[PDB]
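Visitor: Have a look at the structure that comes next, please.
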Amino acid sequence: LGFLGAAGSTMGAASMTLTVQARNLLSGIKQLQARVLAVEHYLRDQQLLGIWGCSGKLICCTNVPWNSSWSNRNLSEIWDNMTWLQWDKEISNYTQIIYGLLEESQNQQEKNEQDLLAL
Amino acid sequence: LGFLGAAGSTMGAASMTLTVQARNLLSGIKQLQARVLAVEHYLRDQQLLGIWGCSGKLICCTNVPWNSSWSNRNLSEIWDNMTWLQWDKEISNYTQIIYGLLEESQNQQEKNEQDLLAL
Amino acid sequence: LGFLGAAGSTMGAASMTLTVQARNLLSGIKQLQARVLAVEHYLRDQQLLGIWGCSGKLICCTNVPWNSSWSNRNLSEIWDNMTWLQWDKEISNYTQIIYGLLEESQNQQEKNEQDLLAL
Amino acid sequence: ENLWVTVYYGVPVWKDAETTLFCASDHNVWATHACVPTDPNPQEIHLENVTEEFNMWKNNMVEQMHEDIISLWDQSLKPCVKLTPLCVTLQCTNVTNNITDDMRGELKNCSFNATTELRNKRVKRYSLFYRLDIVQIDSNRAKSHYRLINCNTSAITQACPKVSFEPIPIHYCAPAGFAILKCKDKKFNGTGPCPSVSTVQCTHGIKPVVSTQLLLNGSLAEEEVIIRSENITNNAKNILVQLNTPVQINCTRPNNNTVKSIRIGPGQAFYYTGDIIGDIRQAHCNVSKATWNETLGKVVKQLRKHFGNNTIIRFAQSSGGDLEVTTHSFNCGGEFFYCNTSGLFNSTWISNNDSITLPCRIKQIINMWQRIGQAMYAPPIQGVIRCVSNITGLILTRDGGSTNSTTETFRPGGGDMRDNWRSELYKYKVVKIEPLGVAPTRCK
Amino acid sequence: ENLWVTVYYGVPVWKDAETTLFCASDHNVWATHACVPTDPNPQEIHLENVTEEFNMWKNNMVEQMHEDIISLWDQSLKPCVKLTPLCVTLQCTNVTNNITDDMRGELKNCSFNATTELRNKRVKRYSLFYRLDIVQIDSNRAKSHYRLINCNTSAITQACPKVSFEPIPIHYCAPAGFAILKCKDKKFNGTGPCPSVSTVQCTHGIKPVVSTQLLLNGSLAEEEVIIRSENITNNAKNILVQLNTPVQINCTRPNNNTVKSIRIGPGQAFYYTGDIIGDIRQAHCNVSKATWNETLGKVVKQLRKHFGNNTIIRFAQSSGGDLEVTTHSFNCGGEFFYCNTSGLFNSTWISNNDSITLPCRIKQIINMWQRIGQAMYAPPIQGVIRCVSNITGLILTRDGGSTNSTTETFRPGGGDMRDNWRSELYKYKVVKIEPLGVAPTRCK
Amino acid sequence: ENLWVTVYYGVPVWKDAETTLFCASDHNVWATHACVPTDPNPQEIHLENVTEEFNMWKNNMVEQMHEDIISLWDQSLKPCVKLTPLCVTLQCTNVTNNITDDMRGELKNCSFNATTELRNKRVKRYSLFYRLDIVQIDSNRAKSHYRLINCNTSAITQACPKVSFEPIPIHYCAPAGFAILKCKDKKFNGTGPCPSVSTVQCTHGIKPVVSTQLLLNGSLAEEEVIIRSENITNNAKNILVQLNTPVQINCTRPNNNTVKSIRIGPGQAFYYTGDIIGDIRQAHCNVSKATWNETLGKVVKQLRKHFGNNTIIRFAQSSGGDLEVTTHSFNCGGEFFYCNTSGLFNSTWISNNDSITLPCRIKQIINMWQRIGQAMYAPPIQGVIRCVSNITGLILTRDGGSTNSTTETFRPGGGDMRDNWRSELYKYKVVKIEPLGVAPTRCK
Amino acid sequence: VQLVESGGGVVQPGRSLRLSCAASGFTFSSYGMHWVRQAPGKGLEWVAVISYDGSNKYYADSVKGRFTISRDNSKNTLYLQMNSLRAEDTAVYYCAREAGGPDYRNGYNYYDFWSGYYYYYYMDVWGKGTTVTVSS
Amino acid sequence: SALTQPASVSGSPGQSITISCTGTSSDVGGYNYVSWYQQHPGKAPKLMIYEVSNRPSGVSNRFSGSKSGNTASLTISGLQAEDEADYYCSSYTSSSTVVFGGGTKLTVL
Ligand SMILES: *[C@@H]1O[C@H](CO)[C@@H](O[C@@H]2O[C@H](CO)[C@@H](O)[C@H](O)[C@H]2NC(C)=O)[C@H](O)[C@H]1NC(C)=O
Ligand SMILES: *[C@@H]1O[C@H](CO)[C@@H](O[C@@H]2O[C@H](CO)[C@@H](O)[C@H](O)[C@H]2NC(C)=O)[C@H](O)[C@H]1NC(C)=O
Ligand SMILES: *[C@@H]1O[C@H](CO)[C@@H](O)[C@H](O)[C@H]1NC(C)=O
Ligand SMILES: *[C@@H]1O[C@H](CO)[C@@H](O)[C@H](O)[C@H]1NC(C)=O
Ligand SMILES: *[C@@H]1O[C@H](CO)[C@@H](O)[C@H](O)[C@H]1NC(C)=O
Ligand SMILES: *[C@@H]1O[C@H](CO)[C@@H](O)[C@H](O)[C@H]1NC(C)=O
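Taken in order, these protein sequences are the chains called A, B, C, D, E, F, G and H.
Add 746 to the 1-based position in the first sequence for the numbering used here, that's all there is to it.
Add 746 to the 1-based position in the second sequence for the numbering used here, that's all there is to it.
Add 746 to the 1-based position in the third sequence for the numbering used here, that's all there is to it.
Add 117 to the 1-based position in the fourth sequence for the numbering used here, that's all there is to it.
Add 117 to the 1-based position in the fifth sequence for the numbering used here, that's all there is to it.
Add 117 to the 1-based position in the sixth sequence for the numbering used here, that's all there is to it.
Add 25 to the 1-based position in the seventh sequence for the numbering used here, that's all there is to it.
Add 2 to the 1-based position in the eighth sequence for the numbering used here, that's all there is to it.
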């Protein structure tokens, strides 16, 4: 598969092509505006991963439980019977709250423990 | 609290908003220049943190005791009473020496120690 | 040392300047072109390092062997009787192969294993 | 034993997006110094089972593209000689070079005064103009006084004969972080959930041919004649018809033109029409009669598919107004042709080795776009020009009413400029890549 | 026991720093396409336990605003018709339409030989001019050989009547990595610490009002009249006075002017005043007398806090120079007024309905700022002009010393653009965010 | 024995690269108001056992310098008064002064109709011009009709008297991610390995001195004269001779010329030589005779090593072409001089104080950079001037082809602006830093 | 600034004769030209006028059909070709230049096609004349 | 065809004399193209007056002229011996030809 070749596939399969997608995220005035735009988007995402404790991690298991009502679905349904495009449509309403929960419950709290335990 | 909400708080109290400050660091021709500069500044700090082994961390600890000649206040006296604005002024002229010290005293030594694990 | 202080020295000796060489990778229209381009080169390298499992690591160690056809030399020659400029020429034609192996053989295997160590 | 949040980076997810695109190549007004060559190996996904709904007329790629074209035209025209100094009273008489009856009144010969190399000196001079380039300025003073058509509005500019207007195809390329979706549905209706989609980094090249009533040199439909409209019952909007077979058109300006050159000012060269020798004949375009009729029969059947059965269809001539809308227009060699369509849109349809010649007229002073901010003068072309092109599509409008499924009349449109490219870019959509996604599981 | 060096990232620390700012709007001169949509959420965050020193006149936000207005004017005027073809001599006489002795000879009836659309034709035309726009030749035979006052300098340019010069407010926004710190202390002048501060990403809008004496349509002081200066003991600096009582002023150009236009060159339109219907009247501004007296009394109460008590204070008008530094110069409706404010500054204060009418002059040829490398014309305005504004502040100077350091006297003047915008920008300071720092503690 | 792969970041690896460079500042054409501040303390780093191979003439730094200089000239020139209004018939007479023998026919007194501030008033003006600036229109009849040499081609434009032409040295700096490699070797002739290198972030400053046959004000060789060429047997190539000893040259224009001026239009002014105070004499340059002889002998000494022994070496004057390729051209005070070099390149050398005075010509209308898209009028300089400069090197042309392959003869050449800069840029190479690399080890 | 006539020979009645004006010292090619004749004891009689291109040629009625005017812009030469000469044609023939020049109107000199001067309508430069005689 | 002109005129030295010449609409009452020449015997004629009253460069200010209706007039003020020359009137006609008058002999005695 090439770039986005996994778009029509099972989420649990597509997870094995994540580096394919990551690889292709980076490459008279418009040309600079375009290059700057790509950089800005790349960095916004990297920063967010760097807040949740995912710097350098392709996949992260977080320490944050979540509200089941966001998706009343079986894990087998999510991972085996549907695509990522479909998944995004189902949970698009919770993007901001998820990110906020991770921010507070991941490194903002975990690193309080890092200092407290450094004895 | 929002952005800079903790600016007048003590250093200890203000450690509770590190992720807040981080998120607000990222977003005719002079406006393009302003965007490029914001990126350049951001990357310099990220590179320095990477050099010190702080990529993805809000809080780091090194292998270096600090030199008391830089400040003669004790631990709780600083952390529970001074703000970060005040502290930064108090030790402003030692910023560069501390950073240079961290760059080599931690990682040249650590990378060699971790290379020897191959023997 | 200063920038390129060990450039003519051996590969082994040069390992002590890695922390030095990285320092100057970062800082109307021509100036933007120059600055944007420098950023792009920096970020391409960071992306490769992230994929390879190099989260700010100065020295990375992978789980991937190299092909015996690429070099017939022992480690004592590589590290003590060779410089990095010489080595780069010596293995120039395998860079792409190596990188493909560093990305795919490292991440697919790491996640197939890591996701199961989390149960 | 609850569930936890898991973050996945590198997720293959799209969002509708609008961004800028890069110009890519395979002097010249479009194939310029700030456009780069493409990589000729598109990394397609070979139609994986992804369905995506998208459409024409809402694709803002067209608007960006339109603006770029305007900018390229101005950029190449800025460093060119102003013809402002030539806005003087002109003295015309009848041209005497064996003009046939069909051409009487088409050409006018004027003498005038103009500046030259030295500021204080002015030299009498003459040139030949097409009648459409001048106006009479005063019956009262006499009957010989004329001026150039646009001297009472924005200045006319011309130089840079060395610059080509050849429609070299340009590819558009996505910026990093973006991708272009491509529709392979050859039966696509222009608006629906295209089941056959791929992804490219760059579109194929599109020739920037600018025309009015008939679309020339575009993509050909591959299987069948197709029709595109934003709303079929909207009689204010245009209808795009893509043909599946090209119609070959042979155009000419069959007159041997001498080109002359004088200086107006300090390196300020002016080119103009000198004597035309041989006799004078009307410019024209020919189409196979048989192929045109075959083409229409296919179009009519396709139109009927979007109407009831045994709909009686008529073709007819345009409403008039500016010549640009009235006639077919195209550029060839830098020359500008305005051609009648009387031999093309005339016949009617019923429920059950020859050619068509279209007369053409020539203009030199042209307001290139719908705006009147500037004006351009075409240079003359030395010798005799012949052009061959392919009709790949038609732009038609419905009359504002028809009655009881009969006399449904279609006429040439071409009122918009944008549909010259909507007809080519309909196969593409632009999306942003959103690699960061979240999906739950059971883990430590 | 021993503390180790530790690193905290995401630290709330500020640095005094200078960068540029983004333009956000609320076409016009300022609200051009090159400006960001209005901030939908000016999310102000108050800072607990923060005191900072904000010295204005060190605030380079002023300089950035100064440069932006200059550039915007130039961008707007750049594509307009020039008045170089009008730099000919004129035959002028006194225009008559029931003109009083006060305005007698002020307005002239002038004729000149104009260029028409075709450059080889000339015609005689008439237009009206104000005395301040034109000059004579004395020795060359006769006096009716007038020329425009600025044909000896950079070409006078003006047209584009469609462009609005209404001072629409513009917001400034920090670039990423920066924040704007605002002073909430209502008593704050321009120096020293401000005990109550908050930050924003974007400031509120500020109107780019141009003025030489009376600052118009600006922020009002809320608790008291505030007198600000870089230096309050010398006579070198200007005194900026912000009122807490808006003073309404009603200005007029009571002349029902008719506008005529011609074409000089290729779409090169020119506009001028033609006749005036009805009899001619003197331009003026009306200030409520009682309000003005209260205004000055409040200023005096404040002067006594920088100055001593029981001091006789007197006001006087400007010492002279061109009208720009002598009169109250302002624009309204595109018209440029030069009003005599001596009626506002002809009183004394002691140790312990009725309107004021200020006569005004009208000028059409202006130089915008203080540069003389450019000149602009002004369009005529059809009809009668009526304008209503609020005096927000005064630009005052102090006279250069007195016997026994008593009887202080003040005068309007010092109308530099930079000092007008100080009254709006004093509330803001721009700082850089420095998220990284060291604070040693116990760890391994 | 089973060893694995490691990745090293911060690896000292070089690649050849093509990128651009910055500027240096500490008005004029190059060190402008929009030029990058220089580095007060660049750090040169010696590289232990690095030998680097590089080539002159493959160095793209030269091309970057070329393009920037052209751009800077155009930026400087753009906001100047055009002299198109002065392209009129000139009525020429003689110069009423004491003219020396070599100056007869060198100057003409030209009178003409000139515009004034107002477009209805015209006056007769006169100016003195150098013969090379003036062309005969009709020798037959009139015997007095003349024009400026470039009025029939792109306009002559030049004013901007406030801008100097001092060749202020510019340091070039690399962007982050790049480094500049400097060669410290003193024997290398530019094609091969350099055993002693160091790197810098910025080069020393390089002066953009205009030259042809002789190279002025360049960095001197430190140990020996070095003769560099792309191919020694290719007589179509220029030969660069870098001296290890300066030769002093003193030039003068011994004429106390007075500058007069006229107002042409709306802020449009022109400056020219009017009166001349004192006698009229030819401009000239002095070269120490003894120094030149010894210096040339040193060049010959080296030619005998590059070429074979017992070969008679001769020097001769160039064969022809326009002034720009036959004289030694240089800028002094903003003025352009074209000096005869016949007294320099006249010798025979075999294997077995005083001075050289060179007469000079003056050209005021200049077609710089061999560009035919524009011309400039150098402004006159008030009073008598002197020029003192150092000869650092020569550009020679070998006359290829000889019966029995003997008696090599050289002529001055250098008709390429790019070849002047070679003398300072030959020491530098631009490198991309590649911090990533891979190597084998024992870890897992 | 001279007009020099030649070809003033003697012919029998009915014979042809060619005159030639060797113009020099002026842009002959930019000026119109005339021939004038004067029989001994008689006043001046105009014969013919010619334009730069010849586009305009006019003759006295008295010489019509016998006299042709032509010119060479380059050789700076004016010609008069006489045919069927009558006794009455004996005269001194003169070469004269049509004055004229640019037209100074509205601030700018105006010129004809190929920068030819226009006519001021009076002869200025005269030659010396040559004698043409018809014998008997 | 020819313009009417007196065969001769005369007057004493130092006196002002005029020479009349009469044409038609197609001259003086049709154009200002009206000129006078002075012809010393044995020489080609030279222009004295053109454009009715125009002075060629080199002609003395004692020479003038006028027109009225179809009558042209040459004024010679201060007659000298040098004036004993034939005078001719001429005109550029409608028909673009040049018409000359008969020629006047001036005697100064
Ligand atoms: C109001 O104005 C007064 C007078 O200028 C300010 O007082 C000065 O404050 C500065 C500190 O920025 C001191 O260095 C000066 O010595 C003070 N001047 C005097 C005469 O004492 C005062 O700070 C201003 N601000 C406020 C809020 O009142
Ligand atoms: C060039 O010619 C001008 C005239 O066009 C000379 O200027 C005149 O100089 C004489 C004295 O020699 C004065 O009497 C005149 O009044 C001047 N006329 C004007 C208009 O200024 C000028 O000197 C000549 N220059 C040279 C060097 O020949
Ligand atoms: C003023 O108006 C009156 C009519 O009301 C008229 O008679 C008089 O002449 C006018 N005066 C002037 C100076 O225009
Ligand atoms: C014009 O007005 C002036 C007063 O400014 C006066 O002296 C002059 O006589 C008036 N001229 C005419 C013609 O009314
Ligand atoms: C050259 O190489 C040797 C390798 O043994 C090293 O010791 C030395 O430092 C290098 N020296 C210089 C000055 O180049
Ligand atoms: C000089 O150039 C030649 C090539 O023509 C090269 O072989 C030689 O090594 C160079 N010599 C030096 C010392 O640079």
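Virtual Cβ for every residue (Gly too), placed ideally from N, Cα, C.
So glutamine 275(D) is in the alpha helix (DSSP H); what residue range does that whole segment cover?
Guide: One-based indexing of the fourth sequence puts residue 275(D) at position 158. Premise fails: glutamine 275(D) is in no alpha helix (DSSP H) and is neither H nor E.
Visitor: Mind listing, in chain order, the residues whose beta carbon lies closer than 7 Å to a non-hydrogen atom of ligand 3?
Guide: Matched residues: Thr213(E), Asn214(E), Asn215(E), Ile216(E), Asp396(E).
Visitor: Which same chain residues end up closer than 8 Å to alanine 760(B) when comparing Cβ atoms and leaving out the 5 residues on each side of it in sequence?
Guide: What you label residue 760(B) is simply residue 14 of the second sequence in a count that begins at 1. The answer, listed in chain order, is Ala752, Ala753, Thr829, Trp830.
Visitor: Please tell me whether, using a cut-off of 8 Å, the distance from the CB of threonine 308(F) to the nearest non-hydrogen atom of ligand 6 is below it.
Guide: As a first step, residue 308(F) is located in the sixth sequence; it is residue number 191 there, counting from the start. Checking the Cβ of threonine 308(F) against ligand 6 gives yes.
Visitor: Taking any Cβ of chain B, which residues in the segment 526-555 of chain E have a Cβ under 8 Å from it, in chain order?
Guide: Under the 8 Å Cβ criterion, the segment 526-555 of chain E contributes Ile550, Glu551, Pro552, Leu553, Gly554, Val555.
Visitor: With a cut-off of 9 Å, does the C-beta of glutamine 842(C) fall near any C-beta of chain A?
Guide: Here residue 842(C) corresponds to residue number 96 of the third sequence, with the count starting at 1. So no, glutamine 842(C) is outside the interface.
Visitor: DSSP beta-bridge partners for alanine 386(E)?
Guide: For the purposes of this step, residue 386(E) is identified with residue 269 of the fifth sequence, where counting begins at 1. DSSP, once it has assigned bridges, lists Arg380(E) as partnering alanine 386(E).
Visitor: On the three-state DSSP scale, how would you describe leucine 772(A)?
Guide: As a position in the first sequence, residue 772(A) is number 26, starting the count at 1. Three-state result, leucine 772(A): coil.
Visitor: Say whether chain G places a C-beta atom closer than 9 Å to the C-beta of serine 22(H).
Guide: Mapped onto the eighth sequence, residue 22(H) falls at position 20. Chain G, which has no Cβ nearer than 9 Å to the Cβ of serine 22(H), makes this no.
Visitor: Using alpha carbons as the reference points, say which of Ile550(F), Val358(F), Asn267(F) lies closest to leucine 203(F).
Guide: In the sixth sequence, residue 203(F) corresponds to position 86, counting from 1. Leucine 203(F) has its Cα closest to that of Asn267(F), out of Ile550(F), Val358(F), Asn267(F).
Visitor: So for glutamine 792(B), helix, strand or coil by DSSP?
Guide: On the second sequence, residue 792(B) is found 46 positions in, with the first residue counted as 1. Three-state result, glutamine 792(B): helix.
Visitor: Closer than 8 Å by C-beta to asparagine 853(A): which residues in its own chain qualify, once you throw out the five before and the five after it? Chain order, please.
Guide: Indexing the first sequence from 1 puts residue 853(A) at position 107. The answer, listed in chain order, is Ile797, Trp798, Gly799.
Visitor: Interface residues of chain A around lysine 561(E) at Cβ under 7 Å?
Guide: Walking along the fifth sequence from the start, residue 561(E) turns up at place 444. Neighbours of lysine 561(E) on chain A, chain order: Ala864.
Visitor: Spell out whether any CB of chain A is found under 9 Å from the CB atom of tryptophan 131(D).
Guide: The sequence position of residue 131(D) within the fourth sequence is 14, counting from 1. For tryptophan 131(D), the answer is yes, since a Cβ of chain A falls inside 9 Å of its Cβ.
Visitor: Reducing DSSP to helix, strand and coil, say where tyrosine 90(H) ends up.
Guide: Reading the eighth sequence from its first residue, position 88 is the one you call residue 90(H). Note: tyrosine 90(H) maps to strand in three-state DSSP.
Visitor: Alpha carbon to alpha carbon, what distance is there between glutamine 842(C) and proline 557(F)?
Guide: The residue labelled residue 557(F) in the question sits at position 440 within the sixth sequence. The residue labelled residue 842(C) in the question sits at position 96 within the third sequence. Roughly 16 Å between the two C-alpha positions.
Visitor: Can you list the beta strand (DSSP E) stretches of 3 or more residues lying completely in the segment 380-435 of chain D, in chain order?
Guide: Here the runs fully enclosed are 385-394, 400-405, 430-432.
Visitor: How is the alpha helix (DSSP H) around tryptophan 538(D) delimited, first residue to last?
Guide: In the fourth sequence, counting from the first residue as 1, residue 538(D) sits at position 421. Element bounds for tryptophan 538(D): 536-542.
Visitor: In chain order, what residues of the segment 766-785 of chain B put their CB closer than 8 Å to some CB of chain A?
Guide: From the segment 766-785 of chain B, only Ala768, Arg769, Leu771, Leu772, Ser773, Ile775, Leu778, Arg781, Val782, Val785 have a Cβ closer than 8 Å to chain A.
Visitor: Between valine 179(F) and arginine 539(F), which are expected to be in contact by the criterion C-beta below 8 Å, what is the C-beta distance as a whole number of angstroms?
Guide: Walking along the sixth sequence from the start, residue 179(F) turns up at place 62. Walking along the sixth sequence from the start, residue 539(F) turns up at place 422. Yes, they are in contact, since the Cβ atoms of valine 179(F) and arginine 539(F) sit about 6 Å apart, within 8 Å.
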